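See below for the structure under consideration.
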Amino acid sequence: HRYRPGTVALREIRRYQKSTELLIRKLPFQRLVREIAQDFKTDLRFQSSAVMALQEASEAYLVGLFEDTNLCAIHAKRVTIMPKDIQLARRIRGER
Amino acid sequence: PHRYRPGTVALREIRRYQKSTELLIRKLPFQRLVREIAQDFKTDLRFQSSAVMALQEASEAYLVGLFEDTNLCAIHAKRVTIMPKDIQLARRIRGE
Amino acid sequence: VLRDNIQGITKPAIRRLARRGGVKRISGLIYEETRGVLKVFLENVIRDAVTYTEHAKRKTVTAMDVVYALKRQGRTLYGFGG
Amino acid sequence: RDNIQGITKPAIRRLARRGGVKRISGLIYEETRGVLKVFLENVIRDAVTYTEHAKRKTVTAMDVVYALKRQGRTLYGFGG
Amino acid sequence: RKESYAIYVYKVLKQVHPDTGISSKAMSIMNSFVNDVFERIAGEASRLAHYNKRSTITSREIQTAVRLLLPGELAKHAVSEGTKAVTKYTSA
Amino acid sequence: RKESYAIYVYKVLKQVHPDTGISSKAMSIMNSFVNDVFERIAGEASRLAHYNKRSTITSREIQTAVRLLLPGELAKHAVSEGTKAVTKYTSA
Amino acid sequence: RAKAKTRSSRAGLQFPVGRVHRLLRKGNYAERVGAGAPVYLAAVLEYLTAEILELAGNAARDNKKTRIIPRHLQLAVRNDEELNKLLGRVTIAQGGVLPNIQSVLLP
Amino acid sequence: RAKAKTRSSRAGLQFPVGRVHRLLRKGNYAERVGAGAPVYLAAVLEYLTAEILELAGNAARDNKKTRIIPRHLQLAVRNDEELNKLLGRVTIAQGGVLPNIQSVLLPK
DNA sequence: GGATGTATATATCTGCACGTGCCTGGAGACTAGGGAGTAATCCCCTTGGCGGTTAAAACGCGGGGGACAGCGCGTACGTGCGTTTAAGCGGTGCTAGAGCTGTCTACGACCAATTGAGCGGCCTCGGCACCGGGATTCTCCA
DNA sequence: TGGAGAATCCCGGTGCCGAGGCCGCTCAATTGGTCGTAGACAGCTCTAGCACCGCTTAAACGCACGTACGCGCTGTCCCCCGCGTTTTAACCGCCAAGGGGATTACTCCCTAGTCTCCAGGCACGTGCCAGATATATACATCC
């Protein structure tokens with residue numbers, strides 16, 4: 001049948017907060033890292049641990065930013081996050 | 001008689017206290033507060049005048065930055081009035 | 001023994017500090033929260049300043065101790081030496 | 001080129017589900033991609049500077065750890 | 001021949017949780033934790049020695065660094081453990 | 001007795017703005033700025049020398065410390081006057 | 001020469017006093033390093049490691065496992081206020097996040 | 001002997017090369033300090049001092065003032081993006097804040 | 001009250017902890033020199049007090065405007081399902097280059113003599129804070 | 001939309017004190033030579049990183065319904081802003097005690113440095129126990 005809008009989201013919240021696995025696919029992130037590093041030095045090599053460290057740091061930073069974004073959405077009496085909440089979180093954090 | 005609308009004196013005060021560099025807390029109550037706080041750590045303690053001046057400058061700068069973030073949080077909730085929940089949101093996003 | 005000096009940080013002083021922060025309208029429960037925030041911040045700086053004083057075996061808290069305490073919490077202060 | 005689209009919509013959805021977000025707007029994903037690009041540009045630029053100081057052509061994990069420690073984002077588990 | 005704190009965290013773990021093991025990534029994390037805490041305390045003691053025009057690091061500087069770094073109960077118990085260690089080292 | 005960057009920043013001010021002076025508090029703030037930026041660059045260069053197993057701080061260490069610490073155009077320009085000053089010092 | 005008794009054994013410690021003294025000496029911290037500074041420092045590090053391993057072992061036994069994983073270390077650090085204050089700017093690899101859902105999101 | 005030519009004079013600098021050199025030796029940074037490192041560091045510090053001082057003099061001239069006060073240093077640092085990024089966690093004493101009233105607070 | 005996600009229990013299989021040989025770094029023992037403890041002194045500077053004065057805080061009161069609750073509505077994500085696609089795992093191969101070792105030489109620490117630039121002290125003049133009066137916005141109400 | 005009261009901006013006069021320049025000197029920078037070692041360079045090696053292929057399959061992607069929910073509008077009423085008057089304590093000037101911070105002398109014990117030596121710690125190797133996987137039953141949610 002059809003579930004209500006929100007219960008699969010809450011089930012996914014309870015699922016992904018119980019796990020440690022990386023939520024971004026490895027090859028697109030590695031290609032993005034090599035695309036970004038091409039502007040700084042031509043013909044660079046990467047260890048696998050370097051890309052894994054970058055992915056772990058990026059995923060932790062994005063999860064914390066989405067927690068602050070969720071606070072900013074709740075503060076405006078909303079359960080939906082919006083780009084203004086991300087901008088406000090980065091403004092209070094000092095990143096903008 | 002003559003009575004200004006609510007908000008004009010507030011904006012005039014915003015311009016006046018943003019153009020100035022004076023300390024906005026009275027020095028003697030801040031000094032008494034500093035001695036009262038410091039007496040809980042080490043009794044029979046003295047203070048230089050420049051130490052209390054440094055504490056006053058740091059405290060005023062911290063409170064002004066906190067009130068800027070509080071005003072941003074109040075604007076984000078479609079308001080012009082600052083409330084304690086805005087202070088709590090700004091402090092938890094900063095991580096204090 | 002100094003007692004209850006947090007009321008010396010008055011409501012007009014908190015209003016002036018909010019005016020410097022660009023605030024047009026202030027609620028009435030703001031002042032107690034601002035006093036608590038100020039007390040927490042001053043306790044955090046003053047504890048490190050007293051610790052720097054006690055390491056130097058002095059009875060006076062110098063300005064340079066407060067500068068070191070503020071440089072510890074990422075709140076470096078310019079104008080009192082360093 | 002155009003590898004920022006590899007960070008797909010369900011990847012950002014999973015990252016927000018780990019953050020506790022129940023509902024996500026459709027304009028969230030481009031904003032999150034820009035945030036990720038800025039963060040990766042900062043860390044990768046610092047790590048490339050650390051690599052070229054050592055006269056190497058391989059970005060080690062040690063360079064990434066020092067690049068993150070420069071920005072107050074200390075990472076435990078990759079040789080730190 | 002890279003040196004690490006692996007056998008020591010093994011010894012502490014078997015000293016307090018005898019029927020409990022540890023993994024390789026967890027020991028990389030604990031080694032990074034010990035190195036980071038070491039760097040914080042040693043850097044704060046170096047700053048403490050430079051501020052007081054002293055050229056030596058003693059137990060007083062590391063104690064003050066522990067008081068500056070660690071939160072309250074952690075700082076109190078670390079001060080107590082280290083003072084016990086220094087008194088036992090001097091007494092023996 | 002006490003040492004500060006008092007006459008030098010005055011010399012730089014008269015080089016840049018020859019009809020503009022300075023106050024004592026602005027002097028103390030500029031002295032604190034020079035001391036803090038010096039501490040940042042020297043600490044980063046010390047960390048860079050320790051990371052690459054080197055016991056010497058060279059102009060390369062200061063160059064990559066400026067590239068790490070300063071933002072973009074500031075870093076590019078500061079590398080340019082640093083290289084110019086080192087070249088003029090070595091050539092004469 | 002007498003029996004070589006280590007400085008960790010006569011201080012009653014498990015962390016190496018000699019290795020901590022060597023890393024203090026060549027770490028360019030001060031011109032000199034006293035005798036009691038590596039003993040005090042190794043005691044403090046041993047105490048902090050012991051606290052982390054106590055809470056990580058409790059978190060491992062809570063998940064019915066006898067081997068400490070990074071998730072157990074993350075739960076140990078972030079479930080204590082003082083260890084979260086000490087390790088606030090620290091990302092633990094393969095640690096995840098703790099289960100927290102805001103009360104306005106529940107049905 | 002020869003004439004005592006200052007190391008800052010042969011490097012084309014106003015900041016002292018020798019004082020940066022003694023502060024690098026006695027600051028516990030490395031066992032060895034090279035010859036070009038204090039020249040490079042004094043040049044970088046002099047460039048940053050000139051960059052702040054030019055903008056502070058412009059801010060003092062725009063306020064019809066001759067001498068530079070900490071308000072002008074604060075305006076110079078906060079009005080430049082790179083200087084505000086460099087000096088973002090630093091409070092200038094007697095510096096004040098930038099004039100910034102939000103758009104939703106102004107009357108219509 | 002019926003229909004699905006998920007503990008719980010049992011077999012099974014594979015990819016951390018104990019043992020050992022070398023080796024190298026910590027420990028014992030001694031010397032040398034200088035960093036810091038300790039006593040004495042003295043002078044800045046911190047604290048406590050008194051009094052006038054006046055500026056700022058506190059209290060009260062009127063009123064208006066904005067925060068908050070309720071309600072309608074149109075739309076845009078949530079969820080589900082079928083289709084596509086490229087992540088991922090396993091495998092092969094090849095060449096860059098990370099890392100180790102050896103040799104030599106340039107370069108920075110170190111020491112002693114010299115001397116001059118920077119710092120403390122002092123004196124004096126102009127930038128600016130303040131005051132008073134007039135010209136020009138500027139906000140609110142008829 | 002015009003106009004009155006309030007506020008802000010602007011120009012001339014006055015004094016004051018802090019910046020700016022001059023001088024003595026002293027200590028710290030410079031110069032010259034020596035020496036030991038850190039690092040630059042050359043060679044080699046073998047390790048891990050990159051490039052491509054095949055498959056199979058999980059995950060990304062397109063699309064449709066629909067329902068909740070973000071957002072705009074309206075009323076109301078309470079809370080905070082503006083202003084006037086009284087009170088109160090901040091602030092400035094001054095005047096003393098006296099703790100204590102800063103400096104100097106000395107003297108001693110503590111730590112750097114060195115030679116020797118052995119035992120703890122690390123790399124390598126192996127075999128065995130802890131989780132990961134798969135399937136059926138009932139417990140826990142969901143509509």
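Restricting to region D:38-48, and then to whatever is more than 15 Å from DNA strand I (Cβ to nearest atom) and facing another protein chain (nearest Cβ under 7 Å), can you tell me which residue is surrounded by the most Cβ atoms within 10 Å (Cβ to Cβ)? It comes out as D:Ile44.
If you check G:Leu87, G:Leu98, G:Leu83 for being in contact with a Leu (Cβ under 7 Å, 6 or more places away or on another chain) and more than 20 Å from E:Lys14 (Cα to Cα), only one passes: G:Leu98. Assess whether F:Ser59 counts as being within 12 Å of DNA strand I (Cβ to nearest atom), more than 24 Å from C:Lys71 (Cα to Cα) and in contact (Cβ under 8 Å) with a residue 12 or more places away in the chain. Yes, satisfied. In the condition set (1) at the interface with another protein chain (Cβ under 7 Å from one of its Cβ atoms); (2) of a type in the set (D, E, K, R); (3) in a loop (DSSP other than H, G, I, E, B), H:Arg71 is compliant with all but (3).
The set of residues in region A:37-83 being at the interface with another protein chain (Cβ under 7 Å from one of its Cβ atoms), of a type in the set (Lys, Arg) and farther than 23 Å from A:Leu22 by Cα consists of A:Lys41 alone. Pull out all pairs, ordered by first then second residue, where Cβ-Cβ is under 8 Å, the residues are six or more apart or on different chains, the first lies in region B:1-27 and is over 28 Å from B:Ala54 (Cβ atoms), and the second is polar (S, T, N, Q) and more than 8 Å from DNA strand J (Cβ to nearest atom). From residues that are over 28 Å from B:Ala54 (Cβ atoms), there are no pairs.
Annotation note: Cβ proximity below 6 Å between a residue of region D:7-19 that is without any contact (Cβ under 8 Å) to a residue 12 or more places away in the chain and within 22 Å of A:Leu71 (Cβ to Cβ) and a residue that is of a type in the set (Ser, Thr, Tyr) and part of a helix (DSSP H, G or I) (sequence gap 6+ or interchain) occurs for D:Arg14/A:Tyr16; D:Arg17/A:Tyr16; D:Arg18/A:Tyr16.
Within region B:15-38, the set of residues being more than 10 Å from DNA strand J (Cβ to nearest atom), part of a helix (DSSP H, G or I) and under 14 Å from the mean Cα position of the chain (by Cα) comprises B:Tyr17, B:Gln18. Condition first: in a loop (DSSP other than H, G, I, E, B) and under 29 Å from E:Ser55 (Cα atoms). Now tell me which residues in region H:1-52 satisfy that. Listed by number, the residues that qualify are H:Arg7, H:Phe15, H:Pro16, H:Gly27, H:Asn28, H:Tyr29, H:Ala30, H:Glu31, H:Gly34, H:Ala35. The residue that is nearest to C:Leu38 (Cα to Cα), counting only those in region B:10-22 that are surrounded by 11 or more Cβ atoms within 10 Å (Cβ to Cβ) and within 11 Å of DNA strand I (Cβ to nearest atom), is B:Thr21.
Only one of the numbered conditions (1) within 7 Å of another protein chain (Cβ to nearest Cβ); (2) within 13 Å of the chain's Cα centre (by Cα); (3) assigned to a helix (DSSP H, G or I) is violated by G:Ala76, and that is (1).
Restricting attention to region F:7-33, the residues that are within 12 Å of DNA strand I (Cβ to nearest atom), surrounded by 15 or more Cβ atoms within 10 Å (Cβ to Cβ) and among the aliphatic types (A, V, I, L, M) add up to 4. Out of curiosity, is F:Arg60 of a type in the set (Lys, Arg), surrounded by 15 or more Cβ atoms within 10 Å (Cβ to Cβ) and closer than 23 Å to H:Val90 by Cβ? Here the answer is no, as F:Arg60 does not meet what is asked. In region G:15-27, which residues are near DNA strand J (Cβ under 9 Å from one of its atoms), of a type outside the set (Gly, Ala, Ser) and surrounded by fewer than 21 Cβ atoms within 10 Å (Cβ to Cβ)? Passing the criteria: G:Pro16, G:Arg19, G:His21, G:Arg25.
Only residues that are near DNA strand J (Cβ under 8 Å from one of its atoms) and surrounded by 15 or more Cβ atoms within 10 Å (Cβ to Cβ) were counted across region G:3-14, and they come to 1. Which one is farthest from the chain's Cα centre (by Cα), of the residues in region C:19-33 that are buried (at least 19 other Cβ atoms within 10 Å of the Cβ) and within 13 Å of DNA strand I (Cβ to nearest atom)? Ranking the qualifying residues of region C:19-33, first place goes to C:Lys24. In the set A:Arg4, A:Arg31, only one residue is farther than 19 Å from B:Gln88 by Cβ, at the interface with another protein chain (Cβ under 7 Å from one of its Cβ atoms) and near DNA strand I (Cβ under 8 Å from one of its atoms); that residue is A:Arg31. So, of the residues in region H:28-47 that are over 14 Å from F:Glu81 (Cβ atoms) and small (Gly, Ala, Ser), which turns out to be surrounded by the fewest Cβ atoms within 10 Å (Cβ to Cβ)? The residue in question is H:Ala35. Limited to region B:86-96, what total is found for residues that are assigned to a helix (DSSP H, G or I) and within 7 Å of another protein chain (Cβ to nearest Cβ)? Going through region B:86-96 one residue at a time, the tally reaches 6. State whether the residues of region G:32-43 include one that is under 28 Å from A:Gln55 (Cβ atoms) and away from chain D (no Cβ under 14 Å). Among the residues of region G:32-43, not one is under 28 Å from A:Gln55 (Cβ atoms) and away from chain D (no Cβ under 14 Å), which makes the answer no.
A count restricted to region G:21-54 and to residues that are in contact with a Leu (Cβ under 8 Å, 6 or more places away or on another chain) and within 15 Å of E:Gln15 (Cβ to Cβ) stands at 7.
Restricted to region C:11-82, the set of helices (runs of 4 or more DSSP H) holding at least 1 residues that are among the aromatic types (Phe, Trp, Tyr) and touching a helix residue (DSSP H, G or I) at 6+ places or on another chain (Cβ under 7 Å) comprises C:30-55, C:63-72.
Each reported figure results from applying straightforward, stated rules to the coordinates on display, with no laboratory input. We place every Cβ from the backbone using ideal geometry, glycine too, and count neighbours over all the protein chains shown.
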